[PDB]
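Here's the structure, in structure tokens; my notes come after.
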Ligand SMILES: N[C@@H](CCC(=O)N[C@@H](CSSC[C@H](NC(=O)CC[C@H](N)C(=O)O)C(=O)NCC(=O)O)C(=O)NCC(=O)O)C(=O)O
């Protein structure tokens, strides 16, 4: 399955909204709370160049934060990035 991870901190309505969104999709994912783990969050920042939370990843891709995944969802793209169901229209 895809490796889906959302990095969060406490006191962050954007993080929890984003977590609830990912929970509503039924996907398997990890919420990683780095409120007090500055080294873990430094590794995350080195990759993305953002110092805010949440930061959401699917495999190697940084999808972005709360605004970005909500926008992707409104566009119908979020489901695709989370590796949800693939459809095929078979034509005779
Ligand atoms: N009370 C505020 C919002 C509620 C709230 O609790 N806000 C948070 C910050 S926004 S939540 C934390 C914030 N996230 C962001 O700003 C990410 C926004 C981006 N647009 C996205 O879509 O993800 C962030 O990372 N900031 C940078 C940093 O912390 O260094 C807070 O004040 N926490 C209190 C505390 O920390 O004690 C309001 O109504 O305006």
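In the working numbering, the protein residues as written are 21 to 112. Every residue gets a Cβ at the ideal spot worked out from N, C-alpha and C, and that includes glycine.
- Excluding its 5 nearest sequence neighbours in each direction, residue 61 has C-beta neighbours in its own chain below 6 Å: 54, listed in chain order.
- Bounds of the alpha helix (DSSP H) holding residue 34 are 33–44.
- Look at residue 71: its beta carbon is less than 7 Å from one of the heavy atoms in ligand 1.
- Per DSSP, the unbroken alpha helix (DSSP H) holding residue 61 starts and ends at 58–68.
- Membership of residue 50 in the beta strand (DSSP E) is indicated by the continuous run 50–53.
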